[PDB]
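Next up is one chain by itself, shown in C-alpha cells, the form deposited in one PDB entry.
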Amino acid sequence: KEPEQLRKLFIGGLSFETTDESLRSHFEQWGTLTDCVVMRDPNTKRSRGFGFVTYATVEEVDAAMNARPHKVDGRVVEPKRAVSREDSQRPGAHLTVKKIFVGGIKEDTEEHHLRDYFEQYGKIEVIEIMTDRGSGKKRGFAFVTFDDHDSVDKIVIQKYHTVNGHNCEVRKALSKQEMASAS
C-alpha cells in the first residue's frame, strides 16, 4: 500500500461551519476516505479553519487535486499535499510556490536532463541552470518553474529525485529576503 502521509491532503480555509461530516461528504466524491477531520481549538472546541482528508490510494488523491477549485459548504477552500510534521518545521514549508530550487546537480547538467525528470510532475514554464556572474562557471544548482503549485508540492514531499544520473536535493524556492529571514 502507500504511506499515510502521501495519501493525505491538508484542506485550508475551511468555513467555520465545516465539520468532519460535511468535509467527508464533499471529498468522498473522489474516493474512499480512510480519515477525515476538522482541526479544532482544544479548549473552545472552535474550528481552526483547516482539516485533513486521507484517501485509500494516491491515485484518488490526484483525482481530488485535479478537481480544483473546491468549494466546501459554500466556501472556496485550498487543498494541498500534506507536509509532514517533520518537514513543516522548515521555513516557508507551507508557502504556495511554483518554483523549486534544485541543488547538487553535476556541472554537465543540461536542460533536457531537468525536463526528463520534472516534466512528469506538471507543465514546466521556466528552467534556469545557474552560473557564476563573471567566470561563467556552473554553480551546481538550478531553478524550475511550473504552472501549478501542486506540481511543486508533489515533488517536494518526495525524498529522492534523479537528474542527469544522480540524486539531487529539491526544495521550494525562497526569495532573497525569505532566505535572509530564515537564517
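Numbering starts at 1 and runs along the sequence shown.
Keep in mind the form solved in complex with a small molecule is missing from the figure; the text below concerns it.
In the entry with it bound, the small molecule lies within 4.5 Å of some heavy atom of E119.
Using a 4.5 angstroms limit between non-hydrogen atoms, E28 is distant from the small molecule in the entry with it bound. At the 4.5 Å threshold, heavy atoms of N66 reach the small molecule in the entry with it bound. Residue contact check for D62: one or more of its heavy atoms lie within 4.5 Å of the small molecule in the entry with it bound.
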